[PDB]
2 protein chains.
Amino acid sequence: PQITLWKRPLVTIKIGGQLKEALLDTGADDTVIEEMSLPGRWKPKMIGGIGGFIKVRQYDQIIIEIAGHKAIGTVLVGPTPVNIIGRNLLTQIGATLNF
Amino acid sequence: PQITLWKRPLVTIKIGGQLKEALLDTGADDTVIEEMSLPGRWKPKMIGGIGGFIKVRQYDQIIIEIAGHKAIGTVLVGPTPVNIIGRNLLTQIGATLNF
Ligand SMILES: Cc1cc(NC(=O)CCCC[C@@H]2SC[C@@H]3NC(=O)N[C@@H]32)cc(C)c1OCC(=O)N[C@@H](Cc1ccccc1)[C@H](O)C(=O)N1CSC(C)(C)[C@H]1C(=O)N[C@H]1c2ccccc2C[C@H]1O
Ligand SMILES: [Cl-]
């Protein structure tokens, strides 16, 4: 698909058996989702941007479906204001910026 | 161009006759640049990022080139960690997400 940028580029994702809405964010290195359970070990991490830093849990090897496209990678979980699909998963679904 | 997301989507911009590096950020509604001098009057705005909110100065109708593409629009100035080109200007340069 081709997604224009007149509006926020929100899509439906499936993660951990749950449907969520998430923002396709080329400015985010990583992927961060609001509080939810995920399988496996985790380690704490600080992520930063506008407004400063938040503490998240880093889970690895998390299978995800983004607008119908499956991708595996690290997913961060914590008090993000918005669910965010970052570059680590955008690459895997073949997403590019074009102009 | 087609910009892949294996690396950060950094480009060169020109604003006030000066070249700067900036991030093409589909998660940003607006465009925010690190402290610099812009002409004219400004208006207040507060915007929220991953860590919380920052106060910025809003300048309108600013001439700005993004990866060689000419735009004229709103530029916000404040304590962002990265010069961010957001959707207000990504739309002016005809950028889309594609997969
Ligand atoms: C989000 C935002 C809003 C405004 N304007 C407004 O809010 C004005 C309100 C008007 C509302 C209009 S009107 C009708 C429509 N409907 C609606 O709901 N809105 C519209 C202005 C700016 C500049 C905005 O972006 C701020 C921002 O920081 N956005 C970031 C994403 C985000 C969105 C919302 C909450 C929190 C974060 C950005 O895309 C990013 O990734 N950034 C900006 S700074 C940065 C380049 C470092 C990077 C970053 O944080 N990255 C970090 C990141 C993020 C996630 C996971 C890991 C990490 C590590 C690091 O890479
Ligand atoms: Cl790349």
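Just so it is clear, the values below take in all heavy atoms, side chains as well, and ignore hydrogens, waters and symmetry mates. Proteins get letters first, then strands, A, B, ... in listed order; numbering begins at 1 in each.
- The nearest pair of heavy atoms linking A:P9 to B:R87 is CD-CD, 4.0 Å.
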Exercise for review: Give the intermediate values and the outcome of side chain to side chain contact (heavy atoms under 4.5 Å, CB included) for residues B:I62 and B:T74.
Suggested key: CA-CA 6 Å; B:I62 297 296; B:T74 298; over 6 Å; no
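- Screening residues 37-48 of chain A for side-chain hydrogen bond (donor to acceptor under 3.5 Å, both in side chains), with sequence neighbours left out, gives A:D30-A:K45.
- Within the 4.5 Å cutoff, no side-chain heavy atoms of A:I13 are placed close to those of A:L19.
- With side-chain heavy atoms closer than 4.5 Å counting as contact, directly or through intermediates, the hydrophobic cluster containing B:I63 also holds B:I72.
- Although no hydrogens or angles enter the test, the distance criterion places no donor-acceptor pair under 3.5 Å between the side chain of B:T91 and the main chain of A:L5.
- Of all the heavy atoms in B:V11 and B:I66, the pair that sits closest is CG2-CG2, 4.1 Å.
- Of the residues listed (A:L97, A:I85, A:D25), the one engaging A:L90 in a side chain to side chain contact (heavy atoms under 4.5 Å, CB included) is A:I85, and it is the only one.
- Taking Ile, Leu, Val, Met, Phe, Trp and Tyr as hydrophobic and joining them when side-chain heavy atoms fall under 4.5 Å apart, one finds B:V32 in a cluster with A:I50, B:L10, B:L23, B:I47, B:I54, B:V56, B:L76, B:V82, B:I84.
- In this structure, A:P81 and B:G49 approach most closely via the heavy-atom pair CG-O, 3.7 Å.
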Practice item. Just do the side chain to side chain contact (heavy atoms under 4.5 Å, CB included) check on A:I3 and B:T96 with the steps written out, would you? Key: CA-CA 6 Å; A:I3 299 178; B:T96 57; over 6 Å; no
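- Applying the side-chain hydrogen bond (donor to acceptor under 3.5 Å, both in side chains) rule to pairs touching residues 6-23 of chain B yields A:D29-B:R8, sequence neighbours excluded.
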Check your understanding: Does the pair B:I33 and B:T80 meet the rule for a side chain to side chain contact (heavy atoms under 4.5 Å, CB included), with working shown?
Key -> CA-CA 7 Å; B:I33 305 294; B:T80 178; 5.9 Å; no
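- Sorted by first and then second residue, the salt bridge (charged side-chain N to carboxylate O under 4.0 Å, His left out) pairs involving residues 55-83 of chain B (not counting sequence neighbours) are B:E35-B:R57.
- In this structure, A:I64 and A:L89 have side chains that are in contact, with non-hydrogen atoms separated by less than 4.5 Å.
- For B:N88, the side-chain hydrogen bond (donor to acceptor under 3.5 Å, both in side chains) partners two or more places apart in sequence, or in a different chain, are B:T31.
- Put simply, the side chain of A:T26 gets close to the backbone of B:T26: a donor and an acceptor are under 3.5 Å apart.
- Cluster note: A:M46 groups with A:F53 through ILVMFWY side-chain heavy atoms spaced under 4.5 Å, whether in direct contact or through intervening members.
- Within the structure, the ring-ring contact (aromatic ring centres under 6.0 Å, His included) test picks out the following pairs touching residues 71-99 of chain B (sequence neighbours left out): A:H69-B:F99.
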